[PDB]
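# Examination of the molecular architecture
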Amino acid sequence: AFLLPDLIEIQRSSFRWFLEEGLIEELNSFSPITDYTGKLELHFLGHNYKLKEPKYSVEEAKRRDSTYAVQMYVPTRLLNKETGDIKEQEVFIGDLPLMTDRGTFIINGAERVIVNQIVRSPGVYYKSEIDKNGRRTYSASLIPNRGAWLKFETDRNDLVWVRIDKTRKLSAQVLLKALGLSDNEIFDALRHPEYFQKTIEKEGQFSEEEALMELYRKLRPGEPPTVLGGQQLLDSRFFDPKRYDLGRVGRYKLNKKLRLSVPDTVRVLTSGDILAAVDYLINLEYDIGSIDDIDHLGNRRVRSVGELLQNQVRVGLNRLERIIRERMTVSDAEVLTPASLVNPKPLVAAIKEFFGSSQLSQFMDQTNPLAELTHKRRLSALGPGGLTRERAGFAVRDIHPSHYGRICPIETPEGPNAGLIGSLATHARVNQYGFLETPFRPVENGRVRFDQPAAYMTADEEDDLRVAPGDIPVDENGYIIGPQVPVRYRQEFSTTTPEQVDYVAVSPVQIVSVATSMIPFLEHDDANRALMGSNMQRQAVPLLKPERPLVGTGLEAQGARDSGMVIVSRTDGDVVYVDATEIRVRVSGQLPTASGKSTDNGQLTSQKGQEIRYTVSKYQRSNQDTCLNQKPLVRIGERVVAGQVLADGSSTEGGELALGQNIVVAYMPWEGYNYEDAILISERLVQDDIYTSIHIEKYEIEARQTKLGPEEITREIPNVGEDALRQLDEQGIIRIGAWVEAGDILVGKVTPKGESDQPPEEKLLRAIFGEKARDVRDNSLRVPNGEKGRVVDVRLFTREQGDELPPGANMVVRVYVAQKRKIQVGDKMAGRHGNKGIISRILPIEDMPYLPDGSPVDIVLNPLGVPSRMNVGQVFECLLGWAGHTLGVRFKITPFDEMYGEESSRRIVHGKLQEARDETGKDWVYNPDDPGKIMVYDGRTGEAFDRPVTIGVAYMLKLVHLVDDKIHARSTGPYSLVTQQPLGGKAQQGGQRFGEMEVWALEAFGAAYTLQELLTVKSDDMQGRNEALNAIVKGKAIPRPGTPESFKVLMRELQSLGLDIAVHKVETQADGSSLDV
Amino acid sequence: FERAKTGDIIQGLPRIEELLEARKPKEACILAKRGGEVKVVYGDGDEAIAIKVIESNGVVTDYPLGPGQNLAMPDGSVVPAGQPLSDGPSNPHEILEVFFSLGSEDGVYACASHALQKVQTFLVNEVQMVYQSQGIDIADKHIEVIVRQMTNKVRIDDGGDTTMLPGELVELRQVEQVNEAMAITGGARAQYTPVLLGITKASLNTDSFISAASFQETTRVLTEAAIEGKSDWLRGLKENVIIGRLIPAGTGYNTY
Amino acid sequence: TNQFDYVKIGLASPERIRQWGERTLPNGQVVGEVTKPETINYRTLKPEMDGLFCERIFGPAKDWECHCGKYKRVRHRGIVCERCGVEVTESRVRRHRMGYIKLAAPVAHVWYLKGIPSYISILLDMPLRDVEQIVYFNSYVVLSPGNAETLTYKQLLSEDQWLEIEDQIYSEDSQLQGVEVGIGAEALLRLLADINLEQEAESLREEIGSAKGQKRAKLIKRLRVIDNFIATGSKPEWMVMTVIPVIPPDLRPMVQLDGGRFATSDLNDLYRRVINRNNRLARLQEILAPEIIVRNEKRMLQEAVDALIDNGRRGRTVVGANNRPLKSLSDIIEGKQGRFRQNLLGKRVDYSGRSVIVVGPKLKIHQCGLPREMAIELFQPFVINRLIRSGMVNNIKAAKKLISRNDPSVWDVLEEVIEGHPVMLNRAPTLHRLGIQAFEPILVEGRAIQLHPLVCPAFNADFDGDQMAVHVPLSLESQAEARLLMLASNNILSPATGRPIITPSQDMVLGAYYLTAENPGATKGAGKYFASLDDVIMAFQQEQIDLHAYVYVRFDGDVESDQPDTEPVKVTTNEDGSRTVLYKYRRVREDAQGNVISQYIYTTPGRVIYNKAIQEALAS
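Residues numbered from 1 in each chain as written, not as in the entry; some residues may be left out. Chains lettered and ligands numbered in written order. Part of a larger assembly, values for the part shown. Heavy atoms only, no water.

### A word on the overall build of chain C
For chain C, the count of helices and strands is 17 helices and 14 strands. Taking 620 residues into account, the globule formula puts the C-alpha radius of gyration at 25 Å, and chain C, at 41 Å, lies well above it. Seen through its principal axes, chain C has C-alpha atoms that stretch 140 × 80 × 45 Å. The 620 residues of chain C split such that 46% are buried. Expressed as a percentage of contacts within chain C between residues at least 6 apart in sequence, the contacts between residues at least 24 apart total 59%. (Helix = DSSP H or I, 4+ residues; strand = E, 2+ residues; numbered from the N terminus. Rg over C-alpha atoms; globule rule 2.2 N^0.38 Å. Buried < 20%, exposed > 50% of the residue type's maximum accessible area, 1.4 Å probe, protein only. Contact = heavy atoms within 4.5 Å.)

### Focus on unusual backbone geometry
Residue and element names in this part refer to chain A. Not every positive phi belongs to a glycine, and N108 is a case in point at roughly 50 degrees. Along the chain, the position of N108 falls in the loop between β5 (105-107) and β6 (110-114). A residue is classified by how much of its surface remains accessible, and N108, at 45% relative accessible area, is partly exposed. Of note, the phi angle at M899 is positive, near 35 degrees, even though the residue is not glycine. The class for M899 is partly exposed, based on a relative accessible area of 48%.

### Concerning the UniProt feature "binding site: Mg(2+)" in chain C
Residues annotated in UniProt with the feature "binding site: Mg(2+)" correspond here to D462(C), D464(C) and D466(C). Structurally, the position occupied by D464(C) is in the loop between α13 (456-459) and β12 (468-471). Setting aside residues no more than four positions away along its own chain, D464(C) makes contact with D677(A), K828(A), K836(A) and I838(A). With respect to the element layout, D466(C) can be found in the loop between α13 and β12. Accessibility expressed as a relative area gives 12% for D466(C), which makes it buried. The residues contacting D466(C), other than those within four sequence positions of it, are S355(C), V356(C), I357(C), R427(C) and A461(C). Of note is the side chain of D466(C), whose polar atom sits 2.5 Å from the backbone nitrogen of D462(C). (UniProt positions renumbered as here; feature names shortened; annotations may be inferred. Polar contact = N/O pair within 3.5 Å; in protein donor to acceptor, adjacent residues only side chain to side chain.)

### Here's the deal with the interface of chain C and chain A
Tallying the contact residues gives 88 residues for chain C and 82 residues for chain A. Between chain C and chain A, roughly 8,100 Å² of surface is buried when both sides are summed, and carbon and sulfur atoms account for 63% of that area. Looking only at chain C, the three residues that lose the most surface to chain A are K347(C), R348(C) and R447(C), adding up to 9% of its buried area. There are 1 salt bridge connecting chain C and chain A. Here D350(C) and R970(A) are joined by a salt bridge, their closest N and O atoms 3.5 Å apart. Summed over the shared surface of chain C and chain A, the result is 25 residue pairs in polar contact. A total of 8 residues in the side of chain C that touches chain A trace back to one element, the largest contributor, which is helix α10 (residues 372-390) of chain C. In the side of chain C that touches chain A, the residues fall into 43 nonpolar, 25 polar and 20 charged. Two elements, strand β46 (residues 992-993) of chain A and strand β5 (residues 348-349) of chain C, share 2 bridges in a ladder whose sense is antiparallel. If you follow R993(A) over to β5(C), its bridge partner there is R348(C). (Buried area = accessible area lost by both parts, 1.4 Å probe. Salt bridge = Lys/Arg side-chain N within 4 Å of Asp/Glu carboxyl O. Nonpolar A, V, L, I, M, F, W, Y, C, P; charged D, E, K, R; others polar. Pairing = 2+ DSSP bridges.)

### Details of the sheet that holds strand β11 (residues 139-143) of chain A
Residue and element names in this part refer to chain A. Read across the sheet, 3 strands follow the order β8-β11-β12 without closing on themselves; strand pairing throughout is antiparallel. Each edge of the open sheet is held by one strand with a lone partner, namely β8 (123-125) and β12 (151-153). On average, each strand axis in the sheet is inclined to that of its neighbour by 15 degrees, with strand direction left out of account. Here 3 bridges tie β11 to β12, and the two strands are oriented antiparallel to one another. Looking across to β12, one finds that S139 is bridged to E153. (Axes fitted to C-alpha atoms, helices over the stretch in contact; angles between N-to-C directions.)

### Examining the environment of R782(A)
Residues and elements named next belong to chain A. Following the sequence through the fold, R782 ends up in strand β35 (residues 781-782). Using a relative accessible area of 43% as the deciding quantity, one classes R782 as partly exposed. The residues touching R782, leaving out its near neighbours within four places in the chain, are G743, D744, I745 and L746. Polar contacts involving the side chain of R782 include one to the side chain of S780, which spans 2.6 Å.

### Quick word on helix α8 (residues 291-309) of chain C
Residue and element names in this part refer to chain C. Taking 1.5 Å per residue as the helical rise, α8 with its 19 residues ought to reach 27 Å, and the 27 Å between its terminal C-alpha atoms agrees with that figure. Buried within α8 are the following residues: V294, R295, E297, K298, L301, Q302, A304, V305, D306, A307, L308 and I309. If you follow the buried residues of α8, they end up packed against β1 (101-108) and α7 (266-286). (Expected span 1.5 Å × (residues − 1).)

### Side note on the state of the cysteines
Residues and elements named next belong to chain C. Scanning all chains against the criterion turns up 3 disulfides over all chains. Here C66 connects covalently by a disulfide to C68, the sulfurs 1.9 Å from one another. Note on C66: relative accessible area 2%, which makes it buried. With relative accessibility at 35%, the residue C68 sits in the partly exposed group. Bridging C68 to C81, the disulfide has an S-S length of 2.1 Å. Residue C68 is located in the loop between α1 (14-18) and β1, and its partner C81 is located in the loop between α1 and β1; the two are separated by 13 residues in the primary sequence. (Disulfide = S-S within 2.5 Å.)

### Overview of a nonpolar patch on the surface
A grouping of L764(A), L765(A), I768(A) and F769(A) is seen on the molecular surface, where their side chains present a nonpolar patch of about 430 Å² in accessible area. Following the sequence through the fold, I768(A) ends up in helix α15 (residues 760-769). (Patch = residues over 30% accessible without salt bridge, like charges linked within 9 Å, V, L, I, M, F, W, Y side chains within 5 Å. Areas by Shrake-Rupley, 256 points an atom, 1.4 Å probe, with all protein chains shown as cover.)

### So, the packing of helix α1 (residues 9-22) of chain A against helix α8 (residues 305-329) of chain A
Axes are the key here: two packed helices are described by the angle between their axes and the distance separating the axes. All names here are of chain A. Packing of α1 against α8 brings their axes to within 7 Å, and their N-to-C directions diverge by 45 degrees. Taken together, the axis directions place α1 and α8 in an arrangement best described as oblique. When α1 is examined against α8, the residues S14, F15, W17, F18 and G22 are found in contact with a partner set consisting of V305, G306, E307, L309 and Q310. Residue composition of the contact of α1 with α8, by class: 5 nonpolar, 4 polar and 1 charged. (Parallel < 35°, antiparallel > 145°, perpendicular 65-115°, else oblique.)

### Points about the environment of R795(A)
Residue and element names in this part refer to chain A. Here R795 is to be found in strand β36 (residues 791-797). In this structure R795 touches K62, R63, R64, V812, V813, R814 and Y816, once residues within four positions along its chain are discounted. For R795, the side chain forms a polar contact with the main-chain oxygen of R63, separated by 2.5 Å.

### Some details on the UniProt feature "binding site: Zn(2+)" in chain C
All names here are of chain C. Within this structure's numbering, the places UniProt gives as "binding site: Zn(2+)" are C66, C68, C81 and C84. Spanning 19 residues, the named residues nonetheless gather at one spot, since no C-alpha pair among them exceeds 7.1 Å. Ignoring anything within four residues of it in the chain, the contact list for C66 reads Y71, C81, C84, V86 and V88. Looking at where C84 falls in the secondary structure, it is placed in the loop between α1 and β1.

Set out below in structure tokens:
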């Protein structure tokens, strides 16, 4: 049907935008500077970022671990108001990471993306409210884009105050700021200036005192005020465009809100506005008009790099400016070149930073294509400008019914962040103001003509109208059918009739988002469960060859396609040379590359063998250590058109998404294993290499001038022999491609250890061996434990090797090690319907109940389903699958199989089965009696049972966080600094923390020594620790503990704070009072 | 149009929560005396209004208001707060002093007591009921334990005798014990109205300052205690832990 | 344990503060004080010699090494360095020394001051913005002398007025009153220190009887402090202070970081600050700068100090390179993460291991899986011990090495070390005592923890990916009581309610159900007859009857049937003992026959299983 516009452009667009202009306009707005005395102009033709060009392949920049960027010149102009003379130059000022294929950026060689967030929009708003009785004040409030605010209200007088921040101010003269005659807001309001008139105290004191003491006796107190004062005060605060952006929006709303008339770019405000407000406030004291609800998606706005950036740049400037302001100005009239008077830096920071950190330069994560998408078109509420988790609570997390269509409600982390992080509906997108125009369909006489290329309007939910939910039994040829078609309307649903209706949704699955509108039979499940679903889907590792599932929602080919994890017919051509690393159908020069000569790009390699030499890349690490690669996939000599797709990303398959596989499942209660939240598995499962994935691995290490010296990298190290000085290069590195194991050496380096501190007993033991011992710690690098796996690579980094290292390091070495992994007991692994499950036993294949045809089934989940999960949806499709599994044919589908009085999905599926018999007559393919139930024997001995069990194929999926990702142990190890208690943090020998509630399970029990000791000897009596340890090594018990540390610490503090702690004993018959350490 | 506090889901913890701290936000025009007369509805009233209550063995009329969210109706054979007269949670405190208004004849103890429990009991149930609201089971035996813990502190008054300032909310024994002393060695009788200390007031700033400190007021109680030297032998548990040595039980209960 | 009984909370008088860092030496001349705010040197890294890390007053970071040098070994211990005055005493002597700063200006302890009751004020009977003014240099006070003339006691001269107090100068009549205009805490000092107070709690208590309906709350308060002070030895003046303790350095440790960069601690930072401010100020009075600087100054100092104690308390939260509020002394021992509540009730021990979890069928209850990988480390040592016992391993490093080699013993000895040796498991923080119990560690392969269904409810576990965590007990005694009283067997039932808590819960119920249900139409082996032996069983494997199939069974015992039938029905009055009588279940022989010679039960052949299964598990 429709056309899915590109679904990430969201941020393609933005950037381009900016780029295309989004900063010129700022820029040259900031172009005009000039001496401190108007006498020496410093303006520039800010209308060209004249940017020379990126230096690196992307690839490079990865390899160089550098920030793909650009850099960027501004021609400037003829300077000075003393003798008007140019000393013209241009300048670049900074490097700009000019985006990437995935519409994101990479920097420092890593890979990141900038989320886009969502905030309220400048303009004005009113909130009224009650007392404890019903005194129903109002308020008002203003927000620039940037700059302070202006607050108003009505405090049981009906008489009012121009508060500025929260309640900073409060003046009866709410509208007597910079206006004489008074009538301008006494009669020009033609309403109720202070309910018709005047405050009580409508005193009109504002002659020479105008803009004086108002901004002093109850502002900003404590100075001999000065009518200037007050003035130069306000006018700052609202007039230097310097600091008050309304925001195009700003206007744009206003006016709209108040059909003010001020178009005018009037990027900052007026008076007439102000009052205009105030009226409105009044008018509704009298109640003529509406308070405003910010929750309404419409009056709330989302913004992306384009400006996030941009403005952040602006501040870059200002800072810069100053520097210049003087450095340019104050000094003499010659030296001042349009060159050494400007410096990047501050910009280069600001951005270098912005990216380099915000909360928005998030890392990408490329687990798998759709984890991207959905992480680009994610949008967020938090962030600087936003909220915090705390400072915003709840009803600000809910489905304001305007989200409809615009924010998949199904979609959310949790943790606290529920609600704070939504993603984007499928079809949504945004208007240059940064509200989400929502595609729809114009139904005439309550009937969509379809022809309409949708209806890209309804940026806000208040189209206000008959709007139909894109799930309508629709008469062929337009007409709706039921005279009871619902509709939202003014945020309400409402029984409607087909005639008097306007708007239909383009589809019944738009409000949802990625991983949500994809559920095979969504329509049929709990929501939340489907929540989980989605997410799981994002976490499915990718596999050697993730197969396109069987029953899928149609909607995906695209999704893949726009990952940009695949490789797409750029243009056009009929393949020729395609080895497994590129498709020289490209730089070769024949029909591929040459209808890559049909029509022949602007600058690009317009005909020849073109750098349509796409490479294609094997096994690169991911933000999750997962590997990716795109085998040629296409044949040779054949015919492709742009947008087609050439080779496949990690886990996509026919050029379409493919997240996991599909295997035959049964539902029964296998004793113990599977008993509950447990899954069985045949052995063939991973025996066929299905479900095994890759993972690979960064390992770097580096050497560094101790002020003892260097420390190095030798082949040689003391104390070696096999797994040491064996699988080791001349610099003690490894050869590419070397098995390794769990303790062997990655790279060996030593250290200038020397001595200068030793126990006589060590000197002894020399003497006896009189070994003149060596002197060099030897921090080789060893594979830790529980790793395997070939080595892919190394990446040395020293003066010559890029020298990318901390100040004073010599070599840095990366090393990369990969790893197949089969499945194995212990792996979250779940379906597309919140089917969180863990492997428990694997059965050798010849024990599972197989099938009537003996085909051994192979998972076996628990039958009783759709409980709290309410995900009955998944049987539906199992079944289905199985149909297209026996029929051996994939089938797309869509949630909400409506236009059918009955379940529809229900008589499909049967139908298919049904007929599936007879195309093979296998018969047991389908049993109307006990639908899709089957007999089953069971391998172990050879019988079915009283109750036939359903059977289906089904698409499962295996999940990143893998057992090894969470395993730990610690006999003992490194402690803390200050507080010596073992160093528990996850990577490295950590330790289980026993918080109060945990101790509340110990002292709550009976004999609690343990408690005690646990509190100490395995965490603190320092000496206690040791010598226990010992004491067991001895072979006996352990000695009595002492007092833990952290006590002693507490002493200290407290003592360090005006105390006289006398912990102390009271001994002797003379009872003796002492004190202690 | 007035409308309901109906729905499908009601009270839950926070209900608990509250009465556990025994917060005092429960409107309750319960009088401090039993009566027994007619009290048509509002009291006397019924015509447009008069929310109001008994003086049966008495003559005074009395008459306190009430809202349109809580409406009362308990006529005749009325309550010595054998019910909170005016019928919305009387607040164990109001009920306690009411069970003290009615309970002030016996031994000031037994007035206290019979009240005192009276309420307690009360309290307990209350709680159950929430549990049964969910059916969730919690041995009343426990609850007991707490709530007793919750209320065994008097608040002194005219404490010129027991020294405890007239108003020095203190424990039940010591003061009453000191009362006995003066009671047999000359002196007044510091009032002992049995009061509840809620949840948080209970614990925290109490005997051992360490505890407290750790629980809360790490720096708040700290000041003070500091002003008092208030020694803290950490005798008991929660310290032994803080501190390492073991527990009032264990060998401390064996060797002991 | 037997080192002390009770603690003595209180205050640190300037002597006691200066008594936190004297470290007087045998050269005979005292130290402990720090004359520098900076940290380790730039060239080398050694601790200056009077800065935040001066060794000679905290201690030789390099065990027995006079910062000077000359001695680099325990041999030189009691003996110190002539030249440096370093106190040669290992290095653990640090982390405990303390040192302190003589203050160039007093600072009203933040704590007593902006406190909930502002005790200072409570005792000064002077609200904030008045006594708060006095610090902060912001007003003046008359002083007892200052107001001996027209001036009224505790009248805030602020400055203009104070200057007007300088106006109407003694060059005129009167003005013979005194001075001590309270511009700074130096005077708040002798406010406090002024007052006697034995009169309070008695002469003041004169009120307390009086003013029956008066404020009351005010007074009694003001008492109880006073009283208290006098009752303790607390002179309010001690509250303001004058000399400052200082944390043994390493707790403000500061540290070389691999990459060369360093790990500064906000402690030394707040500190050092106040140092400057101090010194400098001393140099300001030394240069006799005109007040208002020096004034200003103190003001500052003041609150440097302050923040140190407690950032963000009152003035503007300090924000350093941390690009955020710093971390004052208070707050590191406060909150959710104050020392108390997390390192102290909750420390973070070793000898542990976490993992995912999985049903452990085959493995019975009171057992646990255990991966091999983790089980080692948990048990590390114990095993090595056994090595040495078996003698196979000689030294330990021997072992160590061998342990990594996973010699047969590594997977042979171990598990002899292991059984018997309970272990404790827990699913995340668990208030409930039963939340964690004792368990027998059985080895197991993959990496999960096997886990029993019956215990699942207690811990309340999914198996959707939960995780648990293990610890292991050491003393032997601590083993005992694992066994003895947490051993997950023996605790069946909720401590919150006698109810059992082990309960076969799902499907296993419905096994049993389905076992024991009552399929209708049951024909195969229905109405059959049986007599003990588990006969009927056999018949069952020979399907002589159907799992669901009513059939008589000779059993002289008691039924319970549900749906009691006790009374007869249709007794069969025929001959000997033949009333012989039915029941909706039973069928029996009394009268002449005897008492119950017949005893066939109307029960399905499943239920018999069940009954059996209990039975035998139970007695025998």
